[PDB]
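Source file: final.cif; contents: mmCIF, C-alpha atoms.
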data_query
loop_
_atom_site.label_atom_id
_atom_site.label_comp_id
_atom_site.auth_asym_id
_atom_site.auth_seq_id
_atom_site.Cartn_x
_atom_site.Cartn_y
_atom_site.Cartn_z
CA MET A 1 -2.71 3.08 9.67
CA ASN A 2 -4.08 -0.39 9.12
CA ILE A 3 -4.13 -3.30 6.71
CA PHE A 4 -6.06 -1.41 4.01
CA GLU A 5 -3.84 1.69 4.03
CA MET A 6 -0.81 -0.61 4.20
CA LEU A 7 -1.82 -2.54 1.09
CA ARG A 8 -2.74 0.64 -0.75
CA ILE A 9 0.83 1.71 -0.28
CA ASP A 10 2.32 -1.61 -1.21
CA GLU A 11 0.08 -2.18 -4.16
CA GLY A 12 -0.70 1.27 -5.52
CA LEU A 13 -3.72 1.93 -7.78
CA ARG A 14 -4.20 1.30 -11.49
CA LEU A 15 -7.35 1.54 -13.60
CA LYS A 16 -5.71 -0.10 -16.62
CA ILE A 17 -4.23 -3.58 -16.90
CA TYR A 18 -0.50 -3.82 -16.18
CA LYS A 19 2.34 -6.26 -15.65
CA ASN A 20 3.62 -6.36 -12.10
CA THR A 21 7.35 -6.89 -11.21
CA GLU A 22 6.95 -10.68 -11.58
CA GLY A 23 5.46 -9.86 -15.01
CA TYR A 24 1.86 -11.12 -14.44
CA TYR A 25 -1.22 -9.24 -15.56
CA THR A 26 -2.74 -7.19 -12.77
CA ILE A 27 -5.20 -4.36 -12.17
CA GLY A 28 -6.67 -2.18 -9.42
CA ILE A 29 -4.98 -2.41 -6.02
CA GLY A 30 -2.83 -5.49 -6.59
CA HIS A 31 -5.50 -7.71 -8.07
CA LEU A 32 -3.80 -10.50 -9.99
CA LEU A 33 -5.86 -11.60 -12.98
CA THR A 34 -3.97 -14.63 -14.18
CA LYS A 35 -0.47 -16.13 -14.36
CA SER A 36 -1.13 -16.73 -18.06
CA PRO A 37 1.09 -14.73 -20.46
CA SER A 38 -1.95 -13.91 -22.65
CA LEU A 39 -3.35 -10.40 -22.57
CA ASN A 40 -6.66 -11.77 -23.85
CA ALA A 41 -6.69 -14.37 -21.03
CA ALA A 42 -6.22 -11.39 -18.76
CA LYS A 43 -8.99 -9.19 -20.32
CA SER A 44 -11.26 -12.18 -20.23
CA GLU A 45 -10.56 -12.69 -16.47
CA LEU A 46 -11.17 -9.03 -15.68
CA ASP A 47 -14.63 -8.98 -17.29
CA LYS A 48 -15.60 -12.00 -15.10
CA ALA A 49 -14.31 -10.38 -11.95
CA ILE A 50 -16.15 -7.04 -12.57
CA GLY A 51 -19.23 -8.54 -14.25
CA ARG A 52 -19.13 -6.37 -17.40
CA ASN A 53 -17.15 -5.51 -20.59
CA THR A 54 -14.31 -3.36 -19.41
CA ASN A 55 -11.89 -3.45 -22.36
CA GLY A 56 -9.11 -3.58 -19.81
CA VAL A 57 -10.39 -0.51 -17.93
CA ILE A 58 -12.13 -0.06 -14.59
CA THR A 59 -13.36 2.73 -12.35
CA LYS A 60 -12.10 3.77 -8.95
CA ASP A 61 -15.18 2.23 -7.32
CA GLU A 62 -14.63 -1.07 -9.05
CA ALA A 63 -11.00 -1.10 -7.82
CA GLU A 64 -12.00 -0.48 -4.17
CA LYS A 65 -14.71 -3.06 -4.28
CA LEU A 66 -12.37 -5.66 -5.73
CA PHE A 67 -9.65 -4.67 -3.25
CA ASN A 68 -12.15 -5.08 -0.40
CA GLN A 69 -13.04 -8.61 -1.66
CA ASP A 70 -9.36 -9.61 -1.94
CA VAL A 71 -8.61 -8.56 1.61
CA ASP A 72 -11.64 -10.43 2.87
CA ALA A 73 -10.52 -13.49 0.90
CA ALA A 74 -7.09 -13.21 2.48
CA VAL A 75 -8.44 -13.02 6.03
CA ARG A 76 -10.85 -15.92 5.45
CA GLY A 77 -7.91 -17.83 3.91
CA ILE A 78 -5.95 -17.42 7.13
CA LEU A 79 -8.82 -18.56 9.35
CA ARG A 80 -9.56 -21.65 7.23
CA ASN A 81 -5.83 -22.57 7.21
CA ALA A 82 -4.56 -24.78 10.11
CA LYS A 83 -0.92 -23.56 10.08
CA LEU A 84 -1.86 -19.86 9.65
CA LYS A 85 -4.74 -19.46 12.13
CA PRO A 86 -2.85 -20.21 15.42
CA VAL A 87 -0.14 -17.71 14.43
CA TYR A 88 -2.75 -15.15 13.42
CA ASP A 89 -4.52 -15.56 16.74
CA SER A 90 -1.34 -15.12 18.74
CA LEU A 91 -0.55 -11.81 16.97
CA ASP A 92 -1.39 -8.18 17.76
CA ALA A 93 -3.21 -6.10 15.16
CA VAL A 94 -0.18 -4.59 13.42
CA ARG A 95 1.64 -7.93 13.11
CA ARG A 96 -1.67 -9.49 11.94
CA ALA A 97 -1.77 -7.00 9.12
CA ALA A 98 1.83 -8.01 8.17
CA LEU A 99 0.64 -11.54 7.82
CA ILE A 100 -2.50 -10.67 5.80
CA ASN A 101 -0.26 -8.62 3.50
CA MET A 102 1.80 -11.74 2.84
CA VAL A 103 -1.23 -13.86 2.21
CA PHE A 104 -2.62 -11.18 -0.07
CA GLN A 105 0.60 -11.03 -2.10
CA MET A 106 1.37 -14.82 -2.37
CA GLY A 107 -1.69 -16.84 -1.30
CA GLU A 108 -2.73 -19.04 1.64
CA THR A 109 -0.38 -21.84 0.58
CA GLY A 110 2.80 -19.97 -0.25
CA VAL A 111 2.65 -18.38 3.19
CA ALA A 112 2.05 -21.70 5.04
CA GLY A 113 5.36 -22.92 3.48
CA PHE A 114 7.21 -20.67 6.00
CA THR A 115 7.20 -23.17 8.89
CA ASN A 116 10.15 -21.84 10.94
CA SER A 117 9.27 -18.15 10.56
CA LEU A 118 5.71 -18.97 11.65
CA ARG A 119 6.87 -20.93 14.65
CA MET A 120 9.21 -18.11 15.66
CA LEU A 121 6.31 -15.68 15.28
CA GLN A 122 4.03 -17.79 17.44
CA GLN A 123 6.86 -17.99 19.98
CA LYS A 124 7.11 -14.16 20.02
CA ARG A 125 10.68 -14.15 18.56
CA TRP A 126 10.52 -11.12 16.31
CA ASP A 127 14.16 -10.72 15.07
CA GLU A 128 14.69 -14.39 14.53
CA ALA A 129 11.59 -14.36 12.31
CA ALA A 130 12.73 -11.24 10.50
CA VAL A 131 16.18 -12.68 9.79
CA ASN A 132 14.67 -15.91 8.64
CA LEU A 133 12.02 -14.33 6.39
CA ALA A 134 14.77 -12.25 4.86
CA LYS A 135 16.18 -15.46 3.27
CA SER A 136 13.43 -16.49 0.87
CA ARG A 137 12.27 -16.46 -2.72
CA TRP A 138 9.76 -13.86 -1.58
CA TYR A 139 12.46 -11.49 -0.34
CA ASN A 140 14.47 -12.01 -3.50
CA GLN A 141 11.58 -11.44 -5.94
CA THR A 142 10.25 -8.29 -4.21
CA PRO A 143 12.84 -7.04 -1.67
CA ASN A 144 11.54 -3.51 -1.00
CA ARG A 145 8.04 -4.76 -0.15
CA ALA A 146 9.42 -7.66 1.87
CA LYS A 147 11.69 -5.35 3.91
CA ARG A 148 8.69 -3.22 4.75
CA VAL A 149 6.60 -6.25 5.69
CA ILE A 150 9.44 -7.69 7.70
CA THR A 151 9.97 -4.42 9.60
CA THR A 152 6.34 -4.54 10.55
CA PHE A 153 6.78 -8.06 12.07
CA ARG A 154 10.11 -7.14 13.68
CA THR A 155 8.84 -3.96 15.32
CA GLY A 156 5.02 -4.22 15.64
CA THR A 157 4.78 -0.58 14.58
CA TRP A 158 3.87 1.22 11.37
CA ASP A 159 7.40 2.64 11.01
CA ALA A 160 8.10 1.12 7.52
CA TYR A 161 5.01 2.72 6.06
CA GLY A 162 4.24 6.42 5.82
CA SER A 163 1.31 8.83 5.81
CA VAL A 164 -0.42 11.58 4.46
CA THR A 165 -3.59 13.17 5.85
CA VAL A 166 -5.56 16.35 5.21
CA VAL A 167 -7.58 18.17 7.84
CA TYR A 168 -8.98 21.71 8.08
CA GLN A 169 -7.92 23.93 11.02
CA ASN A 170 -9.23 27.53 10.95
CA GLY A 171 -10.59 26.95 7.39
CA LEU A 172 -7.06 26.23 6.16
CA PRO A 173 -6.08 22.80 4.91
CA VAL A 174 -3.33 21.19 6.88
CA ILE A 175 -1.45 18.27 5.45
CA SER A 176 0.52 15.98 7.72
CA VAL A 177 3.04 13.49 6.58
CA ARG A 178 4.81 10.78 8.46
CA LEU A 179 7.53 9.24 6.28
CA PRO A 180 8.94 5.65 6.47
CA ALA A 181 11.71 5.16 9.05
CA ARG A 182 10.72 8.40 10.75
CA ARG A 183 9.33 8.91 14.26
CA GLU A 184 8.17 12.51 13.58
CA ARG A 185 5.00 13.41 11.70
CA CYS A 186 5.29 16.76 9.90
CA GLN A 187 2.55 19.19 8.91
CA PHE A 188 2.03 21.85 6.31
CA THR A 189 -0.59 24.57 6.46
CA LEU A 190 -1.51 26.04 3.08
CA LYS A 191 -3.49 28.98 1.71
CA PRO A 192 -6.16 27.51 -0.58
CA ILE A 193 -6.29 30.35 -3.08
CA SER A 194 -2.72 31.62 -3.16
CA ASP A 195 -0.78 28.38 -2.57
CA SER A 196 -0.25 25.91 -5.40
CA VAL A 197 0.79 22.30 -5.74
CA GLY A 198 4.39 23.14 -6.56
CA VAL A 199 4.71 25.39 -3.57
CA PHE A 200 3.63 22.54 -1.34
CA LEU A 201 5.95 20.12 -3.10
CA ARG A 202 8.95 22.47 -2.73
CA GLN A 203 8.20 22.70 1.02
CA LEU A 204 8.02 18.96 1.26
CA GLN A 205 11.46 18.70 -0.32
CA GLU A 206 12.80 21.50 1.86
CA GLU A 207 11.71 19.58 4.97
CA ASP A 208 13.85 16.43 4.48
CA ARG A 209 17.24 15.70 2.87
CA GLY A 210 15.98 12.10 2.36
CA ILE A 211 13.47 13.04 -0.37
CA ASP A 212 14.71 12.60 -3.98
CA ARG A 213 11.34 12.69 -5.76
CA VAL A 214 7.84 14.06 -5.05
CA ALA A 215 4.80 14.30 -7.33
CA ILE A 216 1.02 14.52 -7.37
CA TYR A 217 -1.26 12.58 -9.66
CA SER A 218 -4.95 12.21 -10.24
CA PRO A 219 -6.24 8.74 -9.31
CA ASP A 220 -6.02 8.00 -13.15
CA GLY A 221 -2.22 8.38 -12.75
CA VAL A 222 -2.06 11.73 -14.65
CA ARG A 223 0.33 14.30 -13.20
CA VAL A 224 -1.20 17.37 -11.65
CA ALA A 225 0.50 20.55 -12.86
CA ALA A 226 2.64 22.33 -10.30
CA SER A 227 0.84 25.63 -10.88
CA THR A 228 -2.54 24.25 -9.89
CA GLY A 229 -3.99 26.02 -6.88
CA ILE A 230 -4.42 24.05 -3.71
CA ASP A 231 -8.16 24.76 -3.55
CA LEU A 232 -8.48 22.93 -6.92
CA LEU A 233 -6.33 20.08 -5.76
CA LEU A 234 -8.49 19.46 -2.70
CA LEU A 235 -11.74 19.16 -4.66
CA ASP A 236 -10.90 15.49 -5.17
CA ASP A 237 -8.60 12.65 -4.19
CA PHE A 238 -5.07 12.39 -5.39
CA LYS A 239 -1.96 10.34 -5.22
CA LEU A 240 1.12 11.81 -3.54
CA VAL A 241 4.33 10.01 -4.49
CA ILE A 242 7.28 10.40 -2.16
CA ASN A 243 10.43 8.58 -3.15
CA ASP A 244 9.27 5.04 -4.15
CA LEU A 245 5.91 5.07 -2.37
CA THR A 246 2.50 6.30 -3.34
CA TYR A 247 -0.10 7.66 -0.90
CA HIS A 248 -3.73 7.90 -1.85
CA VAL A 249 -5.03 11.04 -0.22
CA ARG A 250 -8.72 11.63 0.40
CA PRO A 251 -9.43 15.16 1.43
CA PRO A 252 -12.73 15.99 3.24
CA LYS A 253 -15.66 17.59 1.26
#
Here is a file; write its structure as structure tokens.
Amino acid sequence: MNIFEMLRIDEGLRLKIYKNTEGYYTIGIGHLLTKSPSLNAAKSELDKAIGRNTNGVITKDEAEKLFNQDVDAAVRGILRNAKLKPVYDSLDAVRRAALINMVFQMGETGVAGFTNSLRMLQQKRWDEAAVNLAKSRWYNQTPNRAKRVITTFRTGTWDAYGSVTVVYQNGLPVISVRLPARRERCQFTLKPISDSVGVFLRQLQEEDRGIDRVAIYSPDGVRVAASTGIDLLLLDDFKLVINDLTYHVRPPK
């Protein structure tokens, strides 16, 4: 787990233009296009960012490239900023990623407005920061995200985020999932030919009382049919949604 997997979870993946929860036009993995309320302003901005005529639509490659630029921008924004850099340099990798997340969501300047929180973080005072961050326009606008980001600063662990990975062992695919607020990782061995998506999903549910929703989607956000055999599933990437969160899974081969 790292900054890129973390932001994938927080931000999801969309190949069409959409309104985020603040209601601004966005695409890709959390790429804000404009704060303008015009959809043409937004299509216009997209075309500039990609360097072609998209008609509001991009490819998975274009999303990852853009995402990669935005993260880079966010790190370079921290290093150029005089309030942010000291804090960033004091922090371990996991807490650094929490900060970059914040910068990525609300810019260099919004984040430097958090003078007390930042001081507390520099001073190693993890709960006092957490409590303080928890009282902010940020937390109010996007509380679920903010809680996750705050838990990362509080703890210095990846506990608020989850996981999904796919590995072969004996020629069988093995899927491991660590859920948010869970110490234990859990794994699932499937039979490629005879097992299907729905079988795997029912097992996922069976494993934890805390799961109220599970689904698989293509990267395009189209639901994969439950009856689809696991061998077909693993020919490409897919999105596994578990409660609120989405995990972009990238099987080998």
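Picture a line from atom CA of residue 236 of chain A to atom CA of residue 10 of chain A; it runs 22.0 Å.
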Name the residues in contact with residue 76 of chain A at a cut-off of 10 Å, using only C-alpha atoms, excluding same-chain residues fewer than 5 positions from it; report them as a CSV table (one decimal) with C-alpha atoms, keeping the file's coordinate frame.
chain,number,residue,atom,x,y,z
A,70,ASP,CA,-9.4,-9.6,-1.9
A,71,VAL,CA,-8.6,-8.6,1.6
A,81,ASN,CA,-5.8,-22.6,7.2
A,85,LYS,CA,-4.7,-19.5,12.1
A,100,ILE,CA,-2.5,-10.7,5.8
A,108,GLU,CA,-2.7,-19.0,1.6
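Among A:215, A:13, A:112, A:91, the residue with the shortest atom-to-atom distance to residue 60 of chain A, counting all atoms listed in the file, is A:13.
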(request) Would you mind listing what lies within 10 Å of residue 62 of chain A as a count of residues only, with all atoms listed in the file counted and same-chain residues fewer than 3 positions away left out? (result) 11
(request) Name the residues that the PyMOL selection byres ((chain A and resi 165) around 9) pulls out of this structure, and write them as a PyMOL selection string. (result) chain A and resi 163-164+166-167+174-177+249-251
(message) Since I can't run it myself right now, could you work out what the PyMOL selection byres ((chain A and resi 179-184) around 9) selects here and report it as a list in words?
(response)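 Selection result, ordered by chain and number: residues 158, 159, 160, 161, 162, 163, 164, 177, 178, 185, 186 and 242 of chain A.
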(message) For this structure, which residues satisfy the selection - the PyMOL selection byres ((chain A and resi 32) around 12) - when it is evaluated on the file as given? I want them as JSON, numbers by chain.
(response) {"A": [11, 14, 17, 18, 19, 20, 21, 22, 23, 24, 25, 26, 27, 28, 29, 30, 31, 33, 34, 35, 36, 42, 43, 45, 46, 49, 66, 67, 70, 104, 105, 106, 107]}
(request) Name the closest residue to residue 99 of chain A among the candidates A:16, A:48, A:154, A:137; distances are taken between atoms, counting all atoms listed in the file. (result)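 Comparing A:16, A:48, A:154, A:137 against residue 99 of chain A, the winner is A:154.
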(message) One decimal, in Å: what's the spacing between atom CA of residue 153 of chain A and atom CA of residue 211 of chain A?
(response)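 Separation of atom CA of residue 153 of chain A and atom CA of residue 211 of chain A: 25.4 Å.
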(request) Between A:149, A:248, A:52, A:131, single out the one closest to residue 64 of chain A, counting only C-alpha atoms. (result)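 With only C-alpha atoms as the atom set, the closest residue is A:248.
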(request) Find the residue from A:119, A:239, A:253, A:191 that sits nearest to residue 84 of chain A; use only C-alpha atoms when measuring. (result)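 Closest to residue 84 of chain A, using only C-alpha atoms: A:119.
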(message) If I take atom CA of residue 63 of chain A and atom CA of residue 147 of chain A, how far is one from the other in Å, to one decimal?
(response)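 We find that atom CA of residue 63 of chain A and atom CA of residue 147 of chain A lie 25.9 Å from each other.
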